[PDB]
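Q: Pasting an experimental structure with its sequence.
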Amino acid sequence: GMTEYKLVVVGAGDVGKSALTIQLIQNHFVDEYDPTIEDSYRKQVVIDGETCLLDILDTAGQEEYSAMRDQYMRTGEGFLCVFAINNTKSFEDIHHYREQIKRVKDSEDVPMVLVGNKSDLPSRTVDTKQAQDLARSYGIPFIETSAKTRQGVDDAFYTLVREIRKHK
Ligand SMILES: C[C@H](Oc1ccnc(-c2noc([C@@]3(C)CCCc4sc(N)c(C#N)c43)n2)n1)[C@@H]1CCC[N@H+]1C
Ligand SMILES: Nc1nc2c(ncn2[C@@H]2O[C@H](COP(=O)(O)OP(=O)(O)O)[C@@H](O)[C@H]2O)c(=O)[nH]1
Ligand SMILES: [Mg+2]
C-alpha cells in the first residue's frame, strides 16, 4: 500500500510555514494566508521513485499546552522547525519548539529538519553558519528555503520523509 507520512510544520508566526506548505501543495507562492488558519493538507508525491502520501499539518494560532493540543501534535511523525533568516527572534525561538516536540513524542530522536526560510531576501540577520551549527548541535539537517522562489521546498519536506523512513 501507499505509505502516508504525517509531517508537522512549526515555528514562530510570520516565518512562512503556510507559504512553504502551499508551495508544496499548490506549486504556487501565496504571499497572503490568514495567520490564524491551522489545517492539514495532503498530496501524493514521488520521493526516490516511490509514490507516497504526505499529510502536512501547518500549525498556527495560540501556544497552548492542553492534553488535546499535545495529542494533536503527537500525531506528527516528523517536524519542520522553521525560522526566517531575516528574523533573529524566530531563530532564538527554535529551541523551544524542539523541546516541546521532544516532550510530546517522548523521544530524544524525533525526525526533524531545521528550515531557514526567506532565503530570497537580502535582509539577513541570522548567519548561515549559526543555523548550520544549531542543526549540527541537534544532529539534524539544515535546509535553506524560499517559499517565494521554491528554493529548498522539496529538499525540506523530502528530507524529513527520508528521516522518518530511517527512524522506522
Ligand atoms: C516560542 C514561544 O512562543 C510560541 C508561540 C506559539 N507556539 C509556540 C509553540 N511551542 O510549541 C509549539 C508546538 C505547536 C510545537 C510542536 C509540539 C507542540 S506540543 C504543544 N502543546 C504545542 C503547542 N502549543 C506544540 N508551539 N511557542 C515563546 C517562548 C515561550 C513563551 N512563548 C511566547
Ligand atoms: N520574501 C519572502 N516572503 C515570504 C516567504 N515565505 C513567506 N513570506 C511572507 O512572510 C509572511 C508570513 O508568511 P506566512 O506563510 O503567513 O507565515 P506563517 O505565519 O509562518 O504561516 C507573509 O507576508 C509572506 O508573504 C519567503 O520565502 N520569502
Ligand atoms: Mg500560517
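A: Perfect, thanks for sending it. Numbers count the residues shown, from 1 in each chain. Ligands and ions are numbered 1, 2, ... in the order given.
Q: which bits of this structure sit near ligand 1?
A: 10, 59, 63-65, 69-70, 73, 93, 96-97, 100-101, 104 (Cβ under 6 Å from any ligand atom). (Each C-beta comes from the backbone N, C-alpha and C, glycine too.)
Q: Can you tell me which of these are classed as buried?
A: With burial judged by 16 or more other Cβ atoms under 10 Å, the buried subset of the residues of the chain next to ligand 1 is 10, 59, 69, 73, 93, 97, 100-101, 104.
Q: Nearest residue to residue 142 in space, please, no chain neighbours.
A: Leaving aside its sequence neighbours, residue 142 sits nearest to residue 135 (Cβ to Cβ, 6 or more residues apart in numbering; 3.6 Å).
Q: ok, the residue in the chain positioned nearest to ligand 2 - contacts?
A: Relative to ligand 2, the nearest point of the chain is residue 16 (2.8 Å; Cβ to the nearest ligand atom). Residue 16 sits next to 82, 84, 117-118, 145, 147 when contact means Cβ atoms under 8 Å, 6 or more residues apart in numbering.
Q: In a markdown table: those residues, plus secondary structure and neighbour count.
A: A markdown table is the format used below for the contacts of residue 16 (DSSP: H, G, I helix; E, B strand; the rest coil; neighbours: other Cβ atoms under 10 Å):
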| residue | secondary structure | neighbour count |
| --- | --- | --- |
| 82 | strand | 29 |
| 84 | strand | 25 |
| 117 | strand | 30 |
| 118 | coil | 25 |
| 145 | coil | 29 |
| 147 | coil | 27 |
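Q: Fine by me, thanks again.
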